[PDB]
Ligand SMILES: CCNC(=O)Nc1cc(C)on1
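Taking the form deposited without the named molecule, here's one chain by itself in structure tokens.
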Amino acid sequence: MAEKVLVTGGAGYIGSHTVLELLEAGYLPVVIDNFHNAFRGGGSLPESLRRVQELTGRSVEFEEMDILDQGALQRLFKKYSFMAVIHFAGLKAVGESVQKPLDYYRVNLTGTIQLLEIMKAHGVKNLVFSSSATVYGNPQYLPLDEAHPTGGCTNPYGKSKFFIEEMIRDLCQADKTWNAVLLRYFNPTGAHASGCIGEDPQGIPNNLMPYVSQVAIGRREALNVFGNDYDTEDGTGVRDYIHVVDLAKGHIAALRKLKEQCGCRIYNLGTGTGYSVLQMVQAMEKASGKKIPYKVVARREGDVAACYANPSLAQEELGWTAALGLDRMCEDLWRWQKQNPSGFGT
């Protein structure tokens, strides 16, 4: 495989993991990031990628740049021969999307548009887009499948995701030579089994794990449980979490699919089983050996009882399955944290 794979936002959480899977699988990745939300390593790379090289014994090509920079993109594309692009570059803090909508739309939509245009200009018509199952909006049924209506999104982040999917679909509709796999998933968690890489501490987490996990290290007193009266097995809310490793590998599987001139395809990635808040607390206690006290507070406005995806189609068409469960997610997460209390540091 003399041809490279471009990974935008490859220094990030999901990107770094994906980059590692790419290396392990025999691919040659070129990564670009502007460091908006990644730690600056000691060398020529971000800390996350420096550790990836160490972990794999393989190297990664990396370029610091912003996808909003057309000049940078032209140069990049002229300098390398890409067989495909995996697009992770973007803003993804849901709580922040509400306070800073323009930045979300600007970076996500505009950035994407710029990217598609350069791809098109360079004849690189193979893309894997890292989407979000939030596009389904509130479940009209469970589990959520690829046939569920999309576009019911409430926040700017969600809408931006959905907007991007639509543009990709339309483009594929207009030009049959394009191949694109849109991957929809919920909450990524866990980290590489080494415990050497993982998710750095985020200002406004998108999910519960980091919170559960803080309470375990004592960096937090007790956990707040919004509602225990839902129509669930245990009364608590049911969410969809997927191990970052499993998710990174699913991105590799989509890349192979492109090769088949698949045109535009859409798949949900997940374990197929949702997890309750209680279940997660239990799982984290088990992994940490620490006690996690919690407090039932009242149900959050808008919160739904359960929200999880059906990943059948991906198994069928991509031959992909999530091998990691709740327990592994907890262990792996716990390990990265214990090992790197503050995330990255040179």
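For every residue, the number given is its place in the sequence shown, counted from 1.
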| field | Test item: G42 lacks coordinates in at least a third of other entries | value | yes
| Averaged over C-alpha atoms, is the B-factor higher for 8-16 or for 331-339 in this PDB entry? | 331-339
| task | Look up the CA B-factors in the entry and say which stretch, 223-231 or 156-164, has the higher mean. | result | 223-231
| task | Please work out which residue in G41, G319, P311, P29 has the highest C-alpha B-factor recorded for this crystal structure. | result | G41
| note | Note to self: of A283, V297, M65, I292, the C-alpha temperature factor tops out at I292
| message | Ranking the modelled residues of this chain by C-alpha B-factor as given in the entry, is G272 in the lowest, middle or highest third? | response | middle
| field | Position of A216 among the chain's modelled residues by C-alpha B-factor, lowest, middle or highest third | value | highest
| said: Lowest, middle or highest third: which one holds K78 when the chain's residues are ordered by CA B-factor from the entry? | reply: highest
| When the modelled residues of the chain are sorted by Cα temperature factor, does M209 land in the lowest, middle or highest third? | highest
| task | Check where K120 lands among this chain's C-alpha B-factors and tell me if it's the lowest, middle or highest third. | result | highest
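One more form of this protein exists, namely the form solved in complex with the named molecule; it is left out here, but the text below deals with it.
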| Taking the pose of the named molecule in the deposited complex and superimposing the site C-alphas, would you call this form open or blocked (blocked if 3 or more ligand atoms are within 2.4 Å of a backbone or C-beta atom)? | open
| query | Can you pick the one in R239, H192, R265, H122 that has a heavy atom within 4.5 Å of the named molecule in the deposited complex? | reply | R239
| note | in the deposited complex, the residue from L127, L208, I197, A216 with a non-hydrogen atom within 4.5 Å of the named molecule is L208
| note | Per contact check vs the named molecule in the deposited complex (non-hydrogen atom within 4.5 angstroms), the hit among 171-179, 74-82, 223-231, 114-122 is 223-231
| message | Can you tell me if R40 lies within 4.5 angstroms of the named molecule in the deposited complex, counting non-hydrogen atoms only? | response | no
| query | Are any of the heavy atoms in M284 no more than 4.5 Å from a heavy atom of the named molecule in the deposited complex? | reply | no
| task | State yes or no: in the deposited complex, is some non-hydrogen atom of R300 no more than 4.5 angstroms from a non-hydrogen atom of the named molecule? | result | yes
| said: I'd like to know if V60 sits close to the named molecule in the deposited complex, meaning any non-hydrogen atom pair within 4.5 angstroms. | reply: no
| query | Out of 262-284, which residues reach within 4.5 Å of the named molecule in the deposited complex, heavy atoms considered? | reply | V277
